[PDB]
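Beneath this line is the structure, given in structure tokens, with notes to follow.
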Amino acid sequence: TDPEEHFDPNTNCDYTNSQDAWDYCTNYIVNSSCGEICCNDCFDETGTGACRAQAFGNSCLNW
């Protein structure tokens, strides 16, 4: 999926930009909160499934 048509931030997200939230989630920007959790917290599961690949096996060693 793409993060464009998918936002659903639970009450622990902060950023309300698709790009910045995604970037940090996907370890693009070193931040020590990334992995599947950061996807889950800023995005529903569907958005998450994409963002997970971009943390899992793109930048972060472990999601």
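Along the charge dipole of the chain, which of 25, 10, 47 sits closest to the positive end, that is, farthest toward it, with unit charges on the beta carbon of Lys, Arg, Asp and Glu (+1, +1, -1, -1)? The one lying farthest along the dipole's positive direction is 25.
Only helices enter this figure: runs of n ≥ 4 DSSP H residues, each worth -39500 (n - 2.57), summed and divided by the residues of the chain, yield -12000 deg cm²/dmol at 222 nm to the nearest 500.
For region 17-63, the relative contact order comes to 38 percent (Cα pairs under 8 Å, sequence separation of at least 6). Could you tally the net charge around residue 19, taking each other residue with its Cβ under 12 Å from the Cβ of residue 19, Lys/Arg +1 and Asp/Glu -1? The answer is -4. The smallest convex shape that holds all Cα atoms of region 1-55, its convex hull, gives 63 Å³ per residue.
Distance between the 7 Å Cα→Cβ label points at residue 58 and residue 12: 2.1 nm. The simple spin-label model puts a point 7 Å past each Cα toward its Cβ; for residue 4 and residue 44 those points are separated by 1.8 nm. Ranked by the mean number of other Cβ atoms within 10 Å of their residues, highest first, the peptides 47-54, 32-39, 10-17 come out as 47-54, 32-39, 10-17.
Virtual Cβ from ideal backbone geometry, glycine too; neighbours counted across all protein chains shown. Every number here is computed from the coordinates shown, using simple stated rules; none is lab data.
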